[PDB]
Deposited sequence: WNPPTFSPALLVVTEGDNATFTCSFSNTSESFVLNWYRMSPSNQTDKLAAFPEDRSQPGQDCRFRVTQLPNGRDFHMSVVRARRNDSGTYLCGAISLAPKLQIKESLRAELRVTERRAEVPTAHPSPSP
């Protein structure tokens, strides 16, 4: 089973933190990557487990991970996913569906 990544739509105000949860369980090792997928120019691997403003933390149940943007900016808006990489016989990536982050302007 692929990771799930939630919430599917997270809206926060610029300056706030933004946290997605990637849930993935796999009996026998993995790397768990957090990718930005859009906008097309901005696609990038953000952060990883195990390894600035993007943090990935494994929760104590071992199956949930928090992927957090610290102090979200307007141009953090876009879509994101989590992908798990396995090497055990024998190597593949399983990605979640995307989730969207909307970062709302602080209009004075």
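>> Checking coverage: what stretches of the deposited chain sequence are missing C-alpha positions?
In response: In sequence order, the gaps with no modelled C-alpha are 1, 30, 54-61, 119-129.
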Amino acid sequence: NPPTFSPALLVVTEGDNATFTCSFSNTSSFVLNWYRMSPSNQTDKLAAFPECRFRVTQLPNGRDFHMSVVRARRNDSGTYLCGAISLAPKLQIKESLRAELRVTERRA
From here on, numbers count along this sequence of modelled residues.
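> Per the entry, where is the mean C-alpha temperature factor higher: 18-26 or 85-93?
Replying inline: Going by the record's values, the stretch with the higher mean is 85-93.
> What stretch has the higher average Cα B-factor here, 67-75 or 37-45?
Replying inline: Looking at the record's C-alpha B-factors, the answer is 37-45.
> Going by what the PDB entry lists, where does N1 fall on CA B-factor within its chain: lowest, middle or highest third?
Replying inline: Highest third.
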